[PDB]
Amino acid sequence: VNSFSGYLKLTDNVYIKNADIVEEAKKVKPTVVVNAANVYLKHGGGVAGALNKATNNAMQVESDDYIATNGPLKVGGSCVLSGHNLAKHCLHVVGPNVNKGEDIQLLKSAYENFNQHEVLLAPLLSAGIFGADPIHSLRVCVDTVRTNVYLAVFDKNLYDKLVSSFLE
Ligand SMILES: CC(C)[C@H](Nc1ncnc2[nH]ccc12)c1ccc2c(c1)S(=O)(=O)CCO2
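Taking UniProt numbering, the leading residue of the sequence shown gets 1025, the next gets one more, and so forth.
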């Protein structure tokens, strides 16, 4: 149903809110929720862990079956699988992990995947333990994505910094 509410409008197609992406998925019932995935779709911690646990592990079981037959994704790539109880579809997107020496330039390719969907609920790619500068990730999102993206950022201090920095 895509019933998003409480978002700050950054541009004509990018919105942001201080919220857990899992609680937003349950309230909004989006067509697409983006996962902050890794290439073997191992959803143990962070955003992926929170989404998988909200599916009661159904996301991990389906992801393991996909990897068995198809192998790992590439950094900057994506894969549409079921959204289970959270969304119609889950778009698993692999942003670069700069804390593990991956190339930050591939962050643009990661966001380009969003342009295949009219509207998406998404986390801020390559932030948290993946190490990218969160202000840089938001700029790559705004400059790359054309479709309507609702960013859920589950940390008040980071949210307040991103908004303040964007409004400079
Ligand atoms: C920057 C934080 C606040 C953000 N966490 C979140 N953002 C939105 N809903 C959330 N629910 C639970 C955590 C969570 C974030 C965004 C991207 C990201 C990771 C974390 S990660 O470290 O798990 C792996 C790389 O990708």
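Ideal Cβ placement from N, Cα and C applies to all residues, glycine included.
Asked, Found
"Hey, out of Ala1043, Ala1061, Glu1047 and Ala1049, whose CA is closest to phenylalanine 1154's CA?", "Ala1061"
"Taking only heavy atoms of ligand 1 into account, decide whether any of them is closer than 7 Å to the Cβ of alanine 1074.", "yes"
"Are there any heavy atoms of ligand 1 lying less than 7 Å away from the beta-carbon of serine 1150, as far as the coordinates show?", "yes"
"Nearest-angstrom Cα distance between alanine 1134 and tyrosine 1183?", "21 Å"
"In this structure, what does DSSP give as the bridge partners for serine 1102?", "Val1117"
"How do the segment 1083 to 1096 and the segment 1170 to 1181 stand: do at least 3 beta-carbon pairs fall below 8 Å, yes or no?", "no"
"Verify the contact flag: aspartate 1044, CB atom, against every heavy atom of ligand 1, threshold strictly below 7 Å.", "yes"
"Do the segment 1123 to 1142 and the segment 1072 to 1079 meet, that is, are 3 or more Cβ pairs less than 8 Å apart?", "no"
"Does the beta-carbon of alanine 1176, which I'm using as the reference point, lie nearer than 7 Å to any heavy atom of ligand 1?", "yes"
"Do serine 1102 and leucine 1115 have their C-beta atoms closer together than 8 Å?", "yes"
"Counting Cβ pairs closer than 8 Å, one from the segment 1026 to 1036 and one from the segment 1048 to 1060, do we hit at least three?", "yes"
"Once DSSP output is grouped into helix, strand and coil, what is the label at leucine 1175?", "strand"
"Ordered along the chain, which non-local residues of its own chain (more than five positions away) have a Cβ less than 8 Å from that of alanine 1111?", "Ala1049, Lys1053, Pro1054, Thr1055, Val1056, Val1057 and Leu1145"
"Can you look up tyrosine 1039 in the DSSP assignment and give me helix, strand or coil?", "strand"
"Are the beta-carbon atoms belonging to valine 1143 and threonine 1171 less than 8 Å from one another?", "yes"
"Would you report the Cα separation of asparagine 1123 and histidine 1108, rounded to the nearest angstrom?", "31 Å"
"Counting only the same chain and skipping the five closest in sequence on each side, list residues whose C-beta sits under 7 Å from that of residue 1198.", "What is shown of the chain runs 1025 to 1192, which leaves residue 1198 out entirely."
"With DSSP collapsed to three states, give me the class of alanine 1146.", "strand"
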